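A lone chain, given as structure tokens: the form solved without the partner chain.
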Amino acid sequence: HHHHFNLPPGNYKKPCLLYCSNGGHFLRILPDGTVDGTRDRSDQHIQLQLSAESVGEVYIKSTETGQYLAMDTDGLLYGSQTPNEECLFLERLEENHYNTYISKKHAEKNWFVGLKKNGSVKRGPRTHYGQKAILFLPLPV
């Protein structure tokens, strides 16, 4: 147990967009497996469906392509065709308001899903508690 257990209130009944308040980008998983952010709300690759594997553990998947968000051994986000250990994230409340996603596989190192102000994904080792890059708000589709 390397992290707290304050959980966000939402549910997974419907798909969502994951809005990063850092630069205001929506998390995007492209068909080729590339992950980045875009401010275009009409983009067809920003609609995501979360699901819970265990309480507080989730998969984040592209509704358009079926790919799972995953963080590799060097901290890079990618789209995975099949669910594996790199696809599980610890979903937690942060600052009594936002959702954060910590790589379960690399939880001891505090590697988060995060977007920089320019829309590029932040590599896991570059993320850490206290940054704006790691703060997301799940919006309806």
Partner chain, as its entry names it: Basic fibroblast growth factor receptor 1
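Numbering follows the first chain given and starts at 1.
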Practice task
Would you mind comparing 127-135 and 9-17 for me and telling me which has the higher average C-alpha temperature factor in the entry?
Solution key: 9-17
Exercise for the section: Look over 70-78 and 38-46 in the entry and identify the one with the greater average Cα temperature factor. Expected result: 38-46
Problem - Out of 86, 32, 94, 57, residue topping the C-alpha B-factor column of the entry - result: 32
Handout entry: residue 107 by Cα B-factor - lowest, middle or highest third of the modelled chain
Key = middle
Fill in the blank from the handout: Binned into thirds over the chain's modelled residues, the C-alpha B-factor of residue 2 lands in the highest
Fill in the blank from the handout: residue 113: CA temperature factor from the record, placed by chain third, in the lowest
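Quick note: we don't show the form deposited with the partner chain bound, though the next part is all about it.
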Handout entry: residue 73, heavy atom within 4.5 angstroms of the partner chain in the deposited bound form
Key = no
Problem - the partner chain contact at residue 52 in the deposited bound form, heavy atom, 4.5 Å - result: yes
Handout entry: Partner contact for residue 99 in the deposited bound form: the partner chain, 4.5 angstroms, heavy atom
Key = yes
Exercise for the section: Classify residue 59 as contacting or not contacting the partner chain in the deposited bound form by the rule of any non-hydrogen atom within 4.5 angstroms, answering yes or no. Expected result: yes
